[PDB]
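Enquirer: This one's a deposited entry, sequence included:
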Amino acid sequence: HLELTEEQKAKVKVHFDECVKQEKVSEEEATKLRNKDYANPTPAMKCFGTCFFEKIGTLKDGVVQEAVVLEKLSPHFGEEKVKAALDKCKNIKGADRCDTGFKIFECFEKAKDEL
Ligand SMILES: CCCCCCCCCCCCCCCC(=O)O
Ligand SMILES: CCCCCCCCCCCCCCCC(=O)O
């Protein structure tokens, strides 16, 4: 799995804070998110995740930004493996913006598991 650099860790925190504010995440929800308590997310947690993927440049208007995903994931996971996950996940649509982002994320997590 990803071993984030110190630069990436700092960016994660910046975008975390941006998305807690933008998606009106409660204090309790924010603490779940910070602790990676992602099971059965609430609606605002799904919006947080969608926001996060937007802010890191990987998702826009429900569309996966493939070059950015590859830039970020290929070095660790393998280019062909990431292209295969893109092929399988990038067209997923959910019930609304936030559910779409959540479902795409879940698909990528499944792809990671299948490694
Ligand atoms: C074929 C490979 C697919 C891999 C999919 C990996 C998805 C990575 C999602 C990571 C989100 C960012 C986590 C930040 C962790 C932290 O520093 O607190
Ligand atoms: C909508 C889901 C997309 C999932 C695949 C996206 C893979 C990128 C995961 C990168 C997580 C780490 C982010 C580091 C901080 C940063 O890039 O700003």
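Expert: Arrived safely. Residues are numbered from 1 along each chain as shown. Ligands and ions are numbered 1, 2, ... in the order given.
Enquirer: Do stretch 26-41 and ligand 1 come into contact?
Expert: No: residues of stretch 26-41 are not located near ligand 1 by C-beta under 6 Å from any ligand atom, the shortest gap being 7.3 Å. The way it works is simple: take the backbone N, C-alpha and C, and place the C-beta from them, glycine included.
Enquirer: what helix or strand is the residue nearest in space to the middle of the chain on?
Expert: Closest to where the C-alpha atoms of the chain average out (C-alpha atoms, centre = their mean) is residue 53, at 4.5 Å. With the criterion set as DSSP states H and E, the secondary-structure element containing residue 53 is helix 43-55.
Enquirer: List the buried residues in that helix.
Expert: Neighbour-count burial for helix 43-55, with 16 or more other C-beta atoms under 10 Å as criterion, is recorded at 44-55.
Enquirer: Kindly indicate which of the residues you listed lies nearest residue 67.
Expert: Taking C-beta to C-beta as the measure, residue 53 is the one of the buried residues of helix 43-55 closest to residue 67, at 14.4 Å.
Enquirer: ok, how many other residues are close to the closest residue to the closest one other than its chain neighbours?
Expert: Distance criterion C-beta to C-beta, 6 or more residues apart in numbering; nearest residue to residue 53, sequence neighbours excluded, is residue 59 at 4.0 Å. Counted with other C-beta atoms under 10 Å, the burial measure for residue 59 works out to 24 neighbours.
Enquirer: swap in residue 34?
Expert: Look at residue 34: counted by other C-beta under 10 Å, it has 11 neighbours.
Enquirer: That one and residue 16 touch, don't they?
Expert: Yes: the criterion here is C-beta atoms under 8 Å, and residue 34 meets it with residue 16 at 7.2 Å.
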